[PDB]
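Everything below concerns the one structure shown next.
A quick note on method: Cβ atoms are made from the backbone with ideal geometry, for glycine too, and the neighbour counts reach across all protein chains shown. Derivation of every value follows stated rules applied to the coordinates shown; laboratory data play no part.
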Amino acid sequence: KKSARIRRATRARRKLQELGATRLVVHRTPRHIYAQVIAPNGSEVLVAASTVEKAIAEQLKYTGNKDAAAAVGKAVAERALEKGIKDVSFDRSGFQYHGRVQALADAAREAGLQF
Amino acid sequence: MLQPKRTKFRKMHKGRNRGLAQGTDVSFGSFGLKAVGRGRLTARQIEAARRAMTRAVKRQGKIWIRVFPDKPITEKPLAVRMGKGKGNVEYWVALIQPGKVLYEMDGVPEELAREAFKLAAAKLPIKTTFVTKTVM
Amino acid sequence: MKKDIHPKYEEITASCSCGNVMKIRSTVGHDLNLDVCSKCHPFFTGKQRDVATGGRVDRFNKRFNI
Amino acid sequence: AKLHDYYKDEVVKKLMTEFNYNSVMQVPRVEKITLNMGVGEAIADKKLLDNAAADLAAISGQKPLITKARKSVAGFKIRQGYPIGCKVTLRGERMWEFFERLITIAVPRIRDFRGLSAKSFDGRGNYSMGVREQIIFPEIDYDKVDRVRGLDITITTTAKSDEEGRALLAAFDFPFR
Amino acid sequence: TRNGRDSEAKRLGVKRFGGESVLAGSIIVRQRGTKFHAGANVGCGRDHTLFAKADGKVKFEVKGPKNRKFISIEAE
Amino acid sequence: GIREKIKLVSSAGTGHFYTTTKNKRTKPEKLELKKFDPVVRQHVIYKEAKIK
RNA sequence: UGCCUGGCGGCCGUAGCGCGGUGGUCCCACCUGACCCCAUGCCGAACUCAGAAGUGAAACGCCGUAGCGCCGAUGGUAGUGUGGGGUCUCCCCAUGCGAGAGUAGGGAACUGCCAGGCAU
RNA sequence: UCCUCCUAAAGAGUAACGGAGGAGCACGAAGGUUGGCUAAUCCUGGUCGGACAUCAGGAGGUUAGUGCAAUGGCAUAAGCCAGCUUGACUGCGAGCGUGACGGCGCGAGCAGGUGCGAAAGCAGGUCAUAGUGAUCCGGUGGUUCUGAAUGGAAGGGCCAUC
RNA sequence: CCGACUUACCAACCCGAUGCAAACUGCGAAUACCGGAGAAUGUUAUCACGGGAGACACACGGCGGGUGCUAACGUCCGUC
Ligand SMILES: [Mg+2]
Ligand SMILES: [Mg+2]
Ligand SMILES: [Mg+2]
Ligand SMILES: [Mg+2]
Ligand SMILES: [Mg+2]
Ligand SMILES: [Mg+2]
Ligand SMILES: [Mg+2]
Ligand SMILES: [Mg+2]
Ligand SMILES: [Mg+2]
Ligand SMILES: [Mg+2]
Ligand SMILES: [Mg+2]
Ligand SMILES: [Mg+2]
Ligand SMILES: [Mg+2]
Ligand SMILES: [Mg+2]
Ligand SMILES: [Mg+2]
Ligand SMILES: [Mg+2]
Ligand SMILES: [Mg+2]
Ligand SMILES: [Mg+2]
Ligand SMILES: [Mg+2]
Ligand SMILES: [Mg+2]
Ligand SMILES: [Mg+2]
Ligand SMILES: [Mg+2]
Ligand SMILES: [Mg+2]
Ligand SMILES: [Mg+2]
Ligand SMILES: [Mg+2]
Ligand SMILES: [Mg+2]
Ligand SMILES: [Mg+2]
Ligand SMILES: [Mg+2]
Ligand SMILES: [Zn+2]
């Protein structure tokens, strides 16, 4: 079940590489969750909002669920716009837009993002 | 005799006949007869030499042929004016470039093999001479 | 599992005449008995019975003697 | 769920002892039960397809798959896309509640039953088996079968060898031989 | 009889070779398949023509993990 | 072949028509495509008629 | 700073298969459980959610690994522009450019923005 | 007359009564988009099931497929499934490749209306290369452009079409 | 119903080894060709539009070739 994420994502991530817009990378793990942004070259990331940094996850009850995904989706906007990252495009990373990603990609829009 | 059981397409071009050989050395047995000149070997001549050399070996030992004719030579039929197409395949020819081996032999000793290869040399259009088994 | 297009499933008693009370859900509806119970079935006590070969000396000396 | 209440508590107590294992992962586990009752004769009536898509659906409570012919054969009057097969797949707890109805009732009920032979594991422990008739699952009315045509139960499991996958089923006194 | 026909090809190949400077809208390679792939700032057309979008110098760049020919456009 | 010419007439009341080709044999039921119209500028149903 | 582990990169088989060990505190997989959130052309197998009793077995990275694949010499080979010939159906000469296959060898990746854990 | 490889001499092009093959159609989806999936073949086990139906793993890894000939492509699949749709759009086009011209084809960016998708984005027919035909004359439906004294009408142009 | 029998028999899988190719390349030179930067060079020698005709039947010598038999002071080509 490892290769399915890579194979579904190598369309949209290569299409974002061909575009040149700044990419919003999501991750759907059962226990934890990652989210970050990345320059148009693909090797110099800027922010990192997750639940392995315990400083944000200590004020949240669980890590991998419907409300904590929204918490990390706010916590990436409120450390990305503070450095001033306005131009952004989102990679769904194969895990489809229902539930976790459905809350993460709109808690950012409630917390001020532009995509 | 030898002939291809199948060609992909029917009639091939002539080409040319440049280059040295590839199957240079004795590869299987002990004794060899090797071409020197430049030319063309048909389907009939090599099996005629096969009978003319088997008749001297007297069903002893073993002999190997490596060359196998596959060039679809043609003819234009007699008393037909030169146009109106190509011709139909009449026989099948092999190409022999200078240095290529034809047959190899084992078992039967070398002094018999002198005249036993000389008889099959005398029915062949290009000059050949004997070679031995080389240990590397 | 789709919510509609699969049939009924309700618990029903399946007792055997040798006394194996059991419950299983199915679609059969009515109380369904059992004839053959595999807690005393003739597979581990009752498949010797067929072989019936016999020594021919035994079939000889069962009917008379010398 | 009764046999699975038996399994996790009183099969590992043998399959941990007799085979020198470290973890609870090394023991084999059942994976799925598949029920193919194929009708290769449905070209003369569509009813013989759909009745064979209902007569095994009434056994185990799922609507089944009308699976199609994969490639084409000129001989047996088939092409790409003829619905000929019927398949049910069961996983989890419904697998156990069908395995109960097999091994407690429908295994001795078959006519001239003399066990089920000890080599059907295809070298990897994944089982295969085949009945000859339908009424031996006792969930049918007697004179309400149009024809007689068996199916073949296949117990796909996470067995790894023929020596080491058989003992799982033999721990439920599978009537071998 | 059996051997009468042929058809002249559509004059294909590389048109603006690798190294020099091209405009926008012109064609680099008119080709059959995706023989020279979707390089930087070129479009592959309906019949897989390689046409530039920007201006400037072309450059024939090997790239990719399966050794594919990409045809690039950068600003001169 | 028997794909013959047919005329898609605009249903906006204006006199506009496309021309396409349909198969009368395998699909003999009539055709309603919601196509663009240049004169009324809105996408309008196209009720079908003959090519004459 | 050091080591390990997680998404993304440069890289295009010296970077991949082989067989034998490995590491689960944290991370990752398995897993646990499932009614509304979604899910199957049958089915919690895939897909989604809720949670962490149990295991690092299978996956997943490391070291060991010349059975490979792969890279790769120097030297020799016929080809070959241009010019003179010959025993002109094809080869020799003076000049450069001189590769494929094989010999000696290398060879179990390397590296970068990033976050956590343990140590110094 | 057109289409595919080779002869054709590593760019285009290059002939003969030279060597081999296909076309003069189709498709209301076999189209646009979203989401998802991955083969041919043999081994082994299995109800009638046989060497070849369907079902199970398992080896192997495009040796398979494209509505059709080859050739070149193809995993992000351009191959195969489900949902919604009519962009199989209207006016345009910088700039090009190739013909002697009559041509033919690709085409970023714009306007006006949309479809898909949460979103960037994609879409001006089908993986591309064959599915073909100048002019005159003549028919259909619009068109206030003209209307041989004036208002009209016949007829002619105009764009769509046969 | 079965089956032990090898038997100068052939034969796909695969293996160590050997060749050939216009219609198949896991490799692949020279020379030839498009475009920029430059040194010396030649009677602008390179295109542009404008006036006027010629020609549209070619052969042989060397090289890479296709009909022909690697025959023809033979034929059909690209090239000097
Ligand atoms: Mg040769
Ligand atoms: Mg190991
Ligand atoms: Mg291991
Ligand atoms: Mg699972
Ligand atoms: Mg060399
Ligand atoms: Mg080399
Ligand atoms: Mg290596
Ligand atoms: Mg290794
Ligand atoms: Mg050429
Ligand atoms: Mg189609
Ligand atoms: Mg079989
Ligand atoms: Mg697609
Ligand atoms: Mg299609
Ligand atoms: Mg097509
Ligand atoms: Mg007027
Ligand atoms: Mg008037
Ligand atoms: Mg040639
Ligand atoms: Mg060649
Ligand atoms: Mg050339
Ligand atoms: Mg002039
Ligand atoms: Mg002439
Ligand atoms: Mg001439
Ligand atoms: Mg002439
Ligand atoms: Mg010549
Ligand atoms: Mg002559
Ligand atoms: Mg002449
Ligand atoms: Mg003449
Ligand atoms: Mg000449
Ligand atoms: Zn009883």
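Taking residues in the range E:1-16 that are in contact (Cβ under 8 Å) with a residue 40 or more places away in the chain, and partners anywhere that are loosely packed, with under 10 Cβ neighbours inside 10 Å, not one pair has Cβ atoms closer than 9 Å while being at least 6 places apart or on different chains. The number of residues in the range D:54-69 that are more than 14 Å from the chain's Cα centre (by Cα), closer than 17 Å to D:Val145 by Cα and within 12 Å of chain C (Cβ to nearest Cβ) comes to 2. Across the range B:2-45, the qualifying residues are those that are within 14 Å of chain E (Cβ to nearest Cβ) and among the charged types (D, E, K, R), and the one among them that is farthest from RNA strand G (Cβ to nearest atom) is B:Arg10.
Answer yes if at least one residue in the range C:52-61 is away from RNA strand G (no atom under 16 Å from the Cβ) and under 22 Å from the mean Cα position of the chain (by Cα), and no otherwise.
Looking only at the range C:52-61, we keep the residues that are away from RNA strand G (no atom under 16 Å from the Cβ), and these are C:52-61.
Then keep just the ones that are under 22 Å from the mean Cα position of the chain (by Cα); that gives none.
No, because not a single residue in the range C:52-61 is away from RNA strand G (no atom under 16 Å from the Cβ) and under 22 Å from the mean Cα position of the chain (by Cα).
Contact annotation: residue pairs with Cβ atoms under 7 Å, 6 or more positions apart or on different chains, pairing a residue in the range C:35-48 that is closer than 11 Å to D:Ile105 by Cα with a partner that is more than 16 Å from RNA strand I (Cβ to nearest atom) and of a type in the set (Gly, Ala, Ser), are C:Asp35/C:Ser17.
Which one of these is closer than 24 Å to C:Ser26 by Cα and of a type in the set (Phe, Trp, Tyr): D:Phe19, D:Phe98, D:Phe113? So that I can check it myself, show each step before the final result.
Values: D:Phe19 fails: closer than 24 Å to C:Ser26 by Cα; D:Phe113 fails: closer than 24 Å to C:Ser26 by Cα.
D:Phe98 is the lone residue from the list that is closer than 24 Å to C:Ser26 by Cα and of a type in the set (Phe, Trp, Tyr).
Checked against the criteria, D:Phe98 counts as touching a residue at least 60 places away in the same chain (Cβ under 8 Å) and either within 14 Å of chain C (Cβ to nearest Cβ) or under 14 Å from the mean Cα position of the chain (by Cα) (or both). Is it fair to say D:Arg124 is more than 10 Å from every other protein chain (Cβ to nearest Cβ) and touching a residue at least 24 places away in the same chain (Cβ under 8 Å)? For D:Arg124, the condition - more than 10 Å from every other protein chain (Cβ to nearest Cβ) and touching a residue at least 24 places away in the same chain (Cβ under 8 Å) - is met.
For the range A:45-115, the helices (runs of 4 or more DSSP H) that sit wholly inside it and include 3 or more residues that are within 16 Å of RNA strand H (Cβ to nearest atom) and farther than 25 Å from A:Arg7 by Cα are A:66-80, A:100-110.
In the range B:1-23, the residues that are under 16 Å from B:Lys100 (Cα atoms) form Cβ pairs under 6 Å with partners that are near ligand 1 (Cβ under 9 Å from one of its atoms) and in a loop (DSSP other than H, G, I, E, B), at six or more places apart or across chains, as follows: B:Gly19/B:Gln97; B:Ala21/B:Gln97; B:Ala21/B:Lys100; B:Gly23/B:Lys100. Considering the conditions (1) surrounded by 10 or more Cβ atoms within 10 Å (Cβ to Cβ); (2) over 17 Å from the mean Cα position of the chain (by Cα); (3) in a loop (DSSP other than H, G, I, E, B); (4) within 13 Å of chain D (Cβ to nearest Cβ), C:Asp4 is excluded by exactly one of them, (1).
Looking for whichever is β-branched (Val, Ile, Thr), in contact with a strand residue (DSSP E or B) (Cβ under 9 Å, 6 or more places away or on another chain), within 14 Å of chain C (Cβ to nearest Cβ) and over 22 Å from D:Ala167 (Cβ atoms) here; the options are D:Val88, D:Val39. Which one fits? The unique qualifying residue is D:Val88.
The combined condition, being free of Cβ contacts under 8 Å to residues at least 60 places away in the same chain and assigned to a loop (DSSP other than H, G, I, E, B), is not fulfilled by D:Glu163.
Under the condition of being part of a helix (DSSP H, G or I) and in contact (Cβ under 8 Å) with a residue 60 or more places away in the chain, which residue from the range B:102-132 is farthest from B:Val57 (Cα to Cα)? Talk me through it step by step, then tell me what you get.
Within the range B:102-132, the first condition is being part of a helix (DSSP H, G or I), and the residues that meet it are B:110-121.
Within this subset, residues satisfying the condition of being in contact (Cβ under 8 Å) with a residue 60 or more places away in the chain are B:110, B:113, B:116-117, B:119-121.
Working: B:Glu110: 11, B:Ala113: 8, B:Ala116: 7, B:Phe117: 10, B:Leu119: 11, B:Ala120: 11, B:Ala121: 14 Å.
Selected residue: B:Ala121.
Annotation note: Cβ proximity below 6 Å between a residue of the range B:80-101 that is away from every other protein chain (no Cβ under 14 Å) and a residue that is surrounded by 12 or more Cβ atoms within 10 Å (Cβ to Cβ) and polar (S, T, N, Q) (sequence gap 6+ or interchain) occurs for B:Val89/B:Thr74; B:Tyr91/B:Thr42; B:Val93/B:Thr42; B:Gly99/B:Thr24.
Among the criteria (1) over 20 Å from A:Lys15 (Cβ atoms); (2) without any contact (Cβ under 8 Å) to a residue 12 or more places away in the chain, the one E:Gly45 does not fulfil is (1).
Each row is one residue, and each column tells you yes or no for (1) at the interface with another protein chain (Cβ under 10 Å from one of its Cβ atoms); (2) of a type in the set (A, V, I, L, M); (3) surrounded by 10 or more Cβ atoms within 10 Å (Cβ to Cβ).
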site: C:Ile12; (1), (2), (3): no, yes, yes
site: C:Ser15; (1), (2), (3): no, no, yes
site: C:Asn20; (1), (2), (3): yes, no, yes
site: C:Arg25; (1), (2), (3): yes, no, yes
site: C:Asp35; (1), (2), (3): yes, no, yes
site: C:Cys40; (1), (2), (3): no, no, yes
site: C:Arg49; (1), (2), (3): no, no, no
site: C:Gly55; (1), (2), (3): no, no, no
site: C:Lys62; (1), (2), (3): no, no, yes
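Being surrounded by 15 or more Cβ atoms within 10 Å (Cβ to Cβ) and within 24 Å of D:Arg124 (Cα to Cα) is the requirement here; does D:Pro64 meet it? Spelling it out, it is not the case that D:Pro64 is surrounded by 15 or more Cβ atoms within 10 Å (Cβ to Cβ) and within 24 Å of D:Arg124 (Cα to Cα).
Each row is one residue, and each column tells you yes or no for (1) touching a helix residue (DSSP H, G or I) at 6+ places or on another chain (Cβ under 6 Å); (2) under 26 Å from B:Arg6 (Cβ atoms); (3) among the small types (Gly, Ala, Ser).
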{"position": "B:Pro77", "(1), (2), (3)": "no, yes, no"}
{"position": "B:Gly83", "(1), (2), (3)": "no, no, yes"}
{"position": "B:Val89", "(1), (2), (3)": "no, yes, no"}
{"position": "B:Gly99", "(1), (2), (3)": "no, no, yes"}
{"position": "B:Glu111", "(1), (2), (3)": "no, no, no"}
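Name the residue that is surrounded by the most Cβ atoms within 10 Å (Cβ to Cβ), counting only residues in the range D:101-117 that are in contact with a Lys or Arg (Cβ under 7 Å, 6 or more places away or on another chain) and within 11 Å of chain C (Cβ to nearest Cβ). Ranking the candidates gives D:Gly115 first.
Within the range A:6-22, the set of residues being surrounded by 13 or more Cβ atoms within 10 Å (Cβ to Cβ) and either among the aliphatic types (A, V, I, L, M) or touching a helix residue (DSSP H, G or I) at 6+ places or on another chain (Cβ under 7 Å) (or both) comprises A:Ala9, A:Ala12, A:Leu16, A:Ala21. The single condition among (1) within 24 Å of D:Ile84 (Cβ to Cβ); (2) of a type outside the set (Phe, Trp, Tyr); (3) more than 10 Å from chain C (Cβ to nearest Cβ) that D:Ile140 does not satisfy is (3).
On the basis of being loosely packed, with under 14 Cβ neighbours inside 10 Å and out of contact with any helix residue (DSSP H, G or I) (no Cβ under 6 Å at 6 or more places or on another chain), does D:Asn36 make the cut? I'd like the intermediate steps shown before the answer.
Details: loosely packed, with under 14 Cβ neighbours inside 10 Å: no; out of contact with any helix residue (DSSP H, G or I) (no Cβ under 6 Å at 6 or more places or on another chain): yes.
No; evaluated as a whole, the condition is false for this residue.
Please pick out the residue among A:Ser50, A:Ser43 that is closer than 25 Å to A:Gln17 by Cα and in contact with a helix residue (DSSP H, G or I) (Cβ under 9 Å, 6 or more places away or on another chain).
Residue meeting the stated conditions: A:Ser50.
Scanning the range E:1-59 for residues that are assigned to a loop (DSSP other than H, G, I, E, B) and within 16 Å of RNA strand G (Cβ to nearest atom) yields a count of 3.
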